[PDB]
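Coordinate inspection notes
Each chain, written out:
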Amino acid sequence: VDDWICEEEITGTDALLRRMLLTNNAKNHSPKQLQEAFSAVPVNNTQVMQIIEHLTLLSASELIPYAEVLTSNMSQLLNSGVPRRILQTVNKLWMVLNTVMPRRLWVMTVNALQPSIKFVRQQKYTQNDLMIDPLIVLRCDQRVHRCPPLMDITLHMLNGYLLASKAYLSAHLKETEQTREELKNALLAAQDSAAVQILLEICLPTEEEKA
Amino acid sequence: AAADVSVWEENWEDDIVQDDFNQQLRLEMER
Amino acid sequence: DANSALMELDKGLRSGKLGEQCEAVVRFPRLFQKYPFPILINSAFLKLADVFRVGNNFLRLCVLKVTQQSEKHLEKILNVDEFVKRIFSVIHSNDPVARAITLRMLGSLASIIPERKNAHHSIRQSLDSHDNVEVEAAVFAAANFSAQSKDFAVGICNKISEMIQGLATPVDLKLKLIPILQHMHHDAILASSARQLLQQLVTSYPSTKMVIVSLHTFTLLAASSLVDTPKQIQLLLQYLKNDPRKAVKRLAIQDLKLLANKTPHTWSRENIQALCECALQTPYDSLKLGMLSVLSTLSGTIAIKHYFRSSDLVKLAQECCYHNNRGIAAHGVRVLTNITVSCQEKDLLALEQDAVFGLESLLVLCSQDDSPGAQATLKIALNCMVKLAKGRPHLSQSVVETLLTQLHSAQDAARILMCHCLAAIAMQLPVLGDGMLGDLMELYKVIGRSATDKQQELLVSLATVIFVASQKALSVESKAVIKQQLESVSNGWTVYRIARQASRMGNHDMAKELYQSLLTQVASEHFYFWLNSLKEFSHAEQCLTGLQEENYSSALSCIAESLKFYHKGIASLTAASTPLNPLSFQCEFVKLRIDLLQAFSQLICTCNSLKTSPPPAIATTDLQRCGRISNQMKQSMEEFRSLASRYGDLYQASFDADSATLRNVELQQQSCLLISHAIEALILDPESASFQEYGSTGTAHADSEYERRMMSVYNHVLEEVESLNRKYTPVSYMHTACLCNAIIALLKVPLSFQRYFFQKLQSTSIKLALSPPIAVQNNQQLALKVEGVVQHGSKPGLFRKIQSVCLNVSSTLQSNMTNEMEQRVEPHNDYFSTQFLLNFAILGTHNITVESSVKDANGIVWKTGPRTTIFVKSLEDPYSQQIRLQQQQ
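Its PDB header attributes the entry to cryo-EM and lists the resolution as 3.1 Å.

This is how it looks when you write it as structure tokens:
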């Protein structure tokens, strides 16, 4: 419901701002331009903002082509010194894309938030892999645990994939039928408790934070 | 940001309202 | 049945599987559309609210979507307390998502529960929640409840102010919170405090988003309160002039357009001067176009009269009507046209030709493009030309000449639009029709040779201006049109629409030929009968075109032929009537045309009845001395009066008809009344002829050539009657001559078949479900409740809107009008209900009838709704029967 209720009206400010800011028909802000902004070695967060702030006016349907750009290039946002405005706007656009195409977005986001140490093994998870093992989302880069926007992204994905894994497990049992239900219930309980325990461990301070 | 106005206000050609009788007559006799 | 379907859903909501429950819940609104009565709506909303109470959050969201969809039907719930309380119980849940859904539902239900204190406290408590979804839902609900209830608004304004100005609030929530202040219009002091707060916000939060939301909210608050509106306009003009941000200027333009649409009278001369100066000295064309849109909105209102020499407005309008930008040119020429037609002041007649030439140049600019923006500007220009032709008729010739010259060098869509413009101008001013026939006929010849796809619309438009522009009939032009149709046009629809136009303008021979051609092209037999009936009506109207001025024998023969063809046509039309296409207006209209023609024939016969001499016994002693002719004239007078009454009945049974059809029916009724009055004042009561025929209208502004001909005939007949009032005894041949000449004059103008005869657009009805072979005791008088919903098809109020519904109840025994009673009830959300009390003191069988009538906004009563009847079996109770039997025995 959190993915649906966010589409509900509040006071119509979004419609008014869209009508009065997006009608300048300066549509130069293509996904390619945002990609070039993200790929600049002396990266300019200000220029990055001048694009993505304009994208907050966009509808979810017209925000589709930018998803691979602001998902693939958002491993860079974990680096130090990145403004919280950029991360907040990326979170907002992520929610607006989660309204319209959550499944592909979640897959791209999990594949984008990999730790990327031995990234030649770019482990490209599919929907099936994540539905089997929802704890993959918690095997992200360690910096996501202290990035509240990207942590919020990760928590949305974790909740969604736990529910998806419930559905997938029931479907798989039904398919392989031609007890097992108790095994499924125990597996789902263990999965949810493991997710809770991992999140609680994330809530703990690190030894560095202890120092 | 626009508005619509009709040149002739008793023009019978406007398709603002389509009624069933004229619909089947048109679909039946147009070639 | 309603309850069967409601149970069919109810088993869905009781299944326990989320998919089926959600399916049922979203299936609910279609049920409300099918059965809009409060019993089903009440039961449905109670079970929906129970499901909301016990269901999970997705089911609650589905219920919220249904409630948002059905905000009309929630006034009909009636059982508000239980429904709301079982909805309200979810606000106590620890789940903030459930609380958010409950808050959104309460905001959606705000209209039926204002001043509900627990809901108010819930909003106030959830406003300072720590869950953002709950805070957003609380803001939405606060907006709704401030819109509805004044006490919540005054109780919440301080809290909203402290959250907006509070430094701990993010900018996004501040943006979400500002539009709450637009609902602070309930009190003057509340509105002033909100105004002060909004001023503080615009000065202290000058971001683009924040200032835009704040200025829009201030504009809406000023519109609602309409006391700060002048200084709100001044503030908006200040921001438009001073603030350099294009977005802020664009918002200021939109807000000033809103205020111009809402309160044009409040605009001062200084405000319009400031706006004109801003339009003059701005470099950007989009902003200039916006300000000219505002000024063109203003010029069409009374603000132009308040604005008044060569001022900044006229200078701007003249500069803008020659702009490169087509939209700016259209707005400028619209301003010029509005000034020219609204202000007859002779100090600004120099721009009369500036307006004409600007319109012509805009035609030349827009004709070749064939693009939607160019088509819009072309429509604006042609509407302006139509308005200018009406307002300043001496410019009509130049406008028509420009249109005709531009017709030969324009694209097909542009040609269609200018054909519509020419049709409008020639309908209002038919003298210009003769001057446009040559060009239109030439273009009709050249179009028809290569008419492939888009030229079909062009063909019907050209034929429409040909028929409209032709004051008289057609001899060679008719041959050209028939040849152009038969040569290439296998498109039956084009031929049918052109025949419709021909019968509209009274060219009935052409219509007869085209309808005859259209037979064998249709597949359905009822459409075949409809087209055959149209052909026969066209033939019948063509039959009485050959009427000589004084030949009454030829007139009688022609009316007989017309009546033969009319009877054939009405038999065919009856054969064409089907369910859900009853053609009731057509049948009644042509039946009333068959009458008043055989009534005309009877009056022609009574003209000649004077030649059969009176008896001598009666001749020896004033009106009885005439003999049979006196009683026959009395019968004719009564028949024509009844015909006028029936035409009025057709008029007030035509609530869904366009104005022109109603005016046509009025003309027919007035012809009936004219003949009746002539008979009375010449034969039956010349001493009581009343005052003179002093036409209050005088030179009435007719909307069609048929109107002009009808009123001219009426005026000539009334002049003839007045000059012949007491000059002769009622045995006179001159009275019969005047009456028969009136018949000739009325019939020599061809009948016009109007839009409602062909196209039905509005289609409003009444359902009228009433609570019930029903037994009622003699002592206990019936308690009858009638509920009804007004139905619509597509655009509800296309021609007129229902203001109130009159419910006349009558009772006829032995199935006679023993229980007359009326109740004018205002339907709120297209729904009305009322209770009736019906006495049944007399034992027996009673036929209860309820006939709905509609009182429109103006006040005219229309007899629209069904006269549904129910039968009541009233019998004496066993107690009274036994007591009376024992007492008598």
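1. Examining the overall build of chain A
What chain A contains, in helices and strands, is 11 helices and zero strands. Along chain A, helices (α) and strands (β) appear in the sequence α-α-α-α-α-α-α-α-α-α-α when read from the amino end. Projected onto its principal axes, the C-alpha coordinates of chain A cover approximately 65 × 45 × 35 Å.

2. Some remarks on the overall build of chain B
The number of helices and strands found in chain B is one helix and zero strands. With the C-alpha coordinates aligned to their principal axes, the bounding extent of chain B is approximately 35 × 20 × 20 Å. When each of the 31 residues of chain B is scored for burial, the buried share is 35%. Carbon and sulfur atoms make up 44% of the accessible area of chain B, which amounts to about 2,100 Å² in all.

3. Observations regarding the state of the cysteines
Residue and element names in this part refer to chain C. The final tally for this structure, using the stated rule, is one disulfide over all chains. For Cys607, the disulfide goes to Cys740, at an S-S distance of 2.0 Å. One exposure class covers both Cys607 and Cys740, and it is buried. We note that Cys22 lacks a disulfide partner, and the nearest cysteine sulfur, in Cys62, lies 3.7 Å from it. Assessed through its relative accessible area of 10%, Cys22 is described here as buried. Unpaired in terms of disulfides, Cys421 finds its nearest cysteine sulfur in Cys419, a separation of 9.9 Å.

4. Brief notes about the interface of chain B and chain C
At the junction of the two partners, chain B supplies 23 residues and chain C supplies 44 residues. A breakdown of the residues in the side of chain B that touches chain C according to their chemical character gives 10 nonpolar, four polar and nine charged.

5. Looking at the packing of aromatic side chains
Under the definition given, this model contains 27 aromatic pairs over all chains. Ring geometry for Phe21 of chain B versus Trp530 of chain C: centroids 5.3 Å apart, planes at 85°, classification edge-to-face. A residue pair is termed interchain when its members come from two chains, as with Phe21 of chain B in helix α1 (residues 20-29) and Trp530 of chain C in helix α29 (residues 525-543). Given the relative accessible area of 5%, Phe21 of chain B is considered buried. Arranged with centres 5.6 Å apart and planes meeting at 15°, the rings of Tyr651 of chain C and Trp862 of chain C form a pair that is stacked. With a relative accessible area of 2%, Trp862 of chain C lands in the buried category. Seen from the ring of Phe140 of chain C, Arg104 of chain C lies directly overhead, with NZ or CZ sitting 5.2 Å from the centre. Taking NZ or CZ as reference, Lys564 of chain C lies 5.3 Å from the ring centre of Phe565 of chain C, over its face.

6. Concerning the pattern of salt bridges
All names here are of chain C. Inspection of the entire model under this criterion finds 31 salt bridges over all chains. Here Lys85 and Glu82 are joined by a salt bridge, their closest N and O atoms 4.0 Å apart. Taken together, the positions of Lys85 and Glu82, both in helix α5 (residues 80-88) and three residues apart, correspond to about one turn of that helix. Residue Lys85 is classed as exposed on the basis of its relative accessible area, which comes to 53%. For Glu82, a relative accessible area of 29% corresponds to the partly exposed category. Among the salt bridges present, the one from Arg392 reaches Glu352, with a minimum N-O distance of 3.8 Å.

7. Focus on the interface of chain C and chain A
Listed as interface residues are 29 residues of chain C and, on the opposing side, 18 residues of chain A. Overall, the association of chain C and chain A removes approximately 2,200 Å² of surface from exposure, summing both partners, and the carbon and sulfur fraction of that is 70%. When the area that chain C buries against chain A is broken down by residue, the three leading residues are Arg104, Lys209 and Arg250 of chain C, summing to 23%. Our enumeration of links across chain C and chain A arrives at zero salt bridges. Between chain C and chain A we count three residue pairs in polar contact in total. At the level of elements, α4 (57-69), α6 (96-108), α8 (132-148), α10 (171-177), α12 (208-225) and α14 (246-262) of chain C are the ones that each hand at least two residues to the side of chain C that touches chain A. At six residues, α4 of chain C tops the list of elements feeding residues into the side of chain C that touches chain A. For the side of chain C that touches chain A, the class distribution of residues is 17 nonpolar, five polar and seven charged.

8. A closer look at helix α20 (residues 350-367) of chain C
Residue and element names in this part refer to chain C. Helix length check: α20, at 18 residues, gives a terminal C-alpha distance of 27 Å against a target of 26 Å (1.5 Å per residue), a fit within 8%. Within the span of α20, buried status applies to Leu351, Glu352, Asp354, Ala355, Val356, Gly358, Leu359, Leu362, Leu363, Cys366 and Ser367. On its buried side, α20 packs onto α18 (312-320), α19 (326-342), α21 (372-391), α22 (396-407) and α23 (412-428).

9. Brief notes about unusual backbone geometry
Residue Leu583 of chain C is not a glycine yet carries a positive backbone phi of 55°. Within the element layout of this structure, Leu583 of chain C appears in the loop between α30 (552-576) and α31 (584-594).

10. Some thoughts on the pairing of strand β8 (residues 844-856) of chain C
All names here are of chain C. The sheet contact formed by strand β5 (residues 802-813) and β8 spans 11 bridges and is antiparallel. Within β8, the position partnered with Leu807 by the bridge is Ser852. Two strands pair when backbone bridges link them, and β8 and strand β10 (residues 869-875) are joined in this way by six bridges, in the antiparallel orientation. Bridging from a neighbouring strand, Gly844 pairs with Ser874 of β10. As paired elements, β8 and strand β9 (residues 861-862) share two bridges and run antiparallel to each other. Bridging across to β9, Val854 finds its partner in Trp862. Counting the residues between successive antiparallel strands, the hairpin from β8 to β9 contains four residues, one of them, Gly859, with a positive phi of roughly 135°.

11. Side note on the pairing of strand β4 (residues 782-791) of chain C
Residues and elements named next belong to chain C. One ladder, built from two bridges, connects strand β1 (residues 765-766) with β4; its direction is antiparallel. Bridge assignment links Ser765 to a residue of β4, and that residue is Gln791. The pairing of strand β2 (residues 769-770) with β4 spans two bridges and is antiparallel. Counted as the bridge partner of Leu770 is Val786 from β4. Across eight bridges, the pairing between β4 and strand β7 (residues 831-838) is antiparallel. Looking at β7, one finds that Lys785 is bridged to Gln835.

12. Digging into the packing of helix α13 (residues 229-242) of chain C against α14 of chain C
Pairs of packed helices are described in terms of their axes, by the angle between the two and the distance that separates them. Residue and element names in this part refer to chain C. Where α13 contacts α14, the axes come no closer than 8 Å and their chain directions differ by 150°. When the axis of α13 is compared with that of α14, the two are roughly antiparallel. Between α13 and α14 lies a crossing whose hand is left-handed. On α14, the residues that touch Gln232, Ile233, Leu236, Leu237, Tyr239, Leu240, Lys241 and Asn242 of α13 are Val248, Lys249, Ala252, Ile253, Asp255, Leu256 and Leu259. Looking at side-chain class alone, the contact of α13 with α14 contains 10 nonpolar, two polar and three charged residues.

13. Observations concerning the environment of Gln68 of chain C
Examined against the element boundaries, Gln68 of chain C turns out to sit in helix α4. Remark: the alpha-carbon pair of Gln68 of chain C and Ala98 of chain C, spanning 30 residues in sequence, is separated by 17 Å. In contact with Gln68 of chain C, not counting residues within four places along its chain, are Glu8 and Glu9 of chain A together with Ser108 and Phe140 of chain C.

14. Looking at the packing of helix α2 (residues 13-21) of chain A against α14 of chain C
Put simply, α2 of chain A and α14 of chain C touch, their axes get as near as 9 Å, and they point 110° apart. By the angle between their axes, α2 of chain A is roughly perpendicular relative to α14 of chain C. Note that α2 of chain A runs across α14 of chain C; the crossing there is right-handed. Contacts between α2 of chain A and α14 of chain C involve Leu16, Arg19, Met20 and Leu21 of chain A from the former and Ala247, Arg250, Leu251 and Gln254 of chain C from the latter.

15. With respect to the nonpolar core
Counting residues in hydrophobic clusters, the biggest one holds 314 residues, and the most contacted among them are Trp267, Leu382, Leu403, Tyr496, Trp530 and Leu531 of chain C. In contact with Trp267 of chain C, not counting residues within four places along its chain, are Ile233, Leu256, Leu259, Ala260, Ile272, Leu275, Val294, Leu298 and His306 of chain C. By size, the runner-up hydrophobic cluster in this structure holds 51 residues, among which are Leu78, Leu105, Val110 and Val137 of chain A.

16. Considering the environment of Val341 of chain C
By the element assignment, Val341 of chain C lies in helix α19. As a C-alpha pair, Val341 of chain C and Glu352 of chain C span 11 residues in sequence and 9.1 Å in three-dimensional space.

17. Some thoughts on the arrangement of the chains
In this assembly two pairs of chains touch, with chains B and C having more contacts than any other pair. There is no contact between chain A and chain B; across them, the least C-alpha separation is 9 Å.

Calculation rules
- Residues numbered from 1 in each chain as written, not as in the entry; some residues may be left out.
- Chains lettered and ligands numbered in written order.
- Part of a larger assembly, values for the part shown.
- Heavy atoms only, no water.
- Residues with missing side-chain atoms left out of burial classes, pairs and counts.
- Helix = DSSP H or I, 4+ residues; strand = E, 2+ residues; numbered from the N terminus.
- Buried < 20%, exposed > 50% of the residue type's maximum accessible area, 1.4 Å probe, protein only.
- Areas by Shrake-Rupley, 256 points an atom, 1.4 Å probe, with all protein chains shown as cover.
- Disulfide = S-S within 2.5 Å.
- Contact = heavy atoms within 4.5 Å.
- Nonpolar A, V, L, I, M, F, W, Y, C, P; charged D, E, K, R; others polar.
- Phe/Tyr/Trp six-rings, centres within 6.5 Å; stacked < 30°, edge-to-face > 60°.
- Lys NZ or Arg CZ within 6 Å of the ring centre and 35° of its normal.
- Salt bridge = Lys/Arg side-chain N within 4 Å of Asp/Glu carboxyl O.
- Buried area = accessible area lost by both parts, 1.4 Å probe.
- Polar contact = N/O pair within 3.5 Å; in protein donor to acceptor, adjacent residues only side chain to side chain.
- Expected span 1.5 Å × (residues − 1).
- Pairing = 2+ DSSP bridges.
- Axes fitted to C-alpha atoms, helices over the stretch in contact; angles between N-to-C directions.
- Parallel < 35°, antiparallel > 145°, perpendicular 65-115°, else oblique.
- Left-handed = near helix turned anticlockwise from the far one by under 90°.
- Core = buried A, V, L, I, M, F, W, Y, C linked by side-chain atoms within 4.5 Å.

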